[PDB]
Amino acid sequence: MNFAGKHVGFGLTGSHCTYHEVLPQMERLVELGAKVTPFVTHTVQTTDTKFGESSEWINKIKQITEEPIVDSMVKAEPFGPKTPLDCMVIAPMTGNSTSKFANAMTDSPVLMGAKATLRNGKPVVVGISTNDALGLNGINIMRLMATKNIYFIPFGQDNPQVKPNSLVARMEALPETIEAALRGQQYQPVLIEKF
């Protein structure tokens, strides 16, 4: 398993404090040789922002990869025609992002990265994480699972008694999922037992 020479986009959705489960996977991809471009859902700074106010997570991304963080539509768009990715990852993918992605809405820098990658016939790999995955998001998920060029990090119910509709990916399986996606395949078993 070797991503030398590969340009992988890594988009993060949802609350900043849930990224401790995926940043170690971003770090593994860089260690396996990938050039990793981070994508995020909002601007990382306002005119207003002061010296050491930036949350830890941004600093952590900057310690993993020197690729500029894509945090605007303008910055995301060239990943279609100019600087194409070999693969785009979205992890964690929240319920809101899942239903936007599944319904062809593309109103965040992350979803624009995904759209720009799909434009070229290249793979998008998603790590779901939502408590409505077996409820209102079920059709969205299964729509994506069946769609050309879209692949899922293996997933399962994380707490069936307390959150019976919740599905969450095994983030440790991310590199393997990318490796199979780059060959045009869904990595298997896609359904796993979480913890």
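Start at 1 with the first residue shown and count on from there.
Undergrad: Report the stretch with the higher mean CA temperature factor, choosing between 129 to 137 and 57 to 65 on the basis of the entry.
TA: It is 57 to 65 that shows the higher mean C-alpha B-factor.
Undergrad: Output the stretch having the higher mean C-alpha B factor in the entry; the candidates are 1 to 9 and 185 to 193.
TA: Mean B over CA atoms: larger for 1 to 9.
Undergrad: Of the choices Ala116, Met73, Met93, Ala104, which one's C-alpha carries the largest B-factor in the record?
TA: Of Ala116, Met73, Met93, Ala104, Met73 has the highest C-alpha B-factor.
Undergrad: Please work out which residue in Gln45, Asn149, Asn165, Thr37 has the highest C-alpha B-factor recorded for this crystal structure.
TA: In the PDB entry, the greatest C-alpha B-factor among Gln45, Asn149, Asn165, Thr37 is found at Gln45.
Undergrad: Which third of the chain does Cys17 land in by C-alpha B-factor: lowest, middle or highest?
TA: CA B-factor rank for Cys17: highest third.
Undergrad: State the tercile, meaning the lowest, middle or highest third, of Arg143 with respect to the CA B-factors recorded for its chain.
TA: It belongs to the lowest third of the chain when residues are ordered by C-alpha B-factor.
Undergrad: Sorting the chain's modelled residues by C-alpha B-factor, tell me whether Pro123 ends up in the lowest, middle or highest third.
TA: Lowest third - that is where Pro123 ends up once the chain's C-alpha B-factors are sorted.
Undergrad: What third of the chain, by the recorded C-alpha B-factor, contains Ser108?
TA: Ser108: CA B-factor falls in the middle third of its chain.
Undergrad: Going by what the PDB entry lists, where does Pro160 fall on CA B-factor within its chain: lowest, middle or highest third?
TA: For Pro160, the deposited C-alpha B-factor lands in the middle third.
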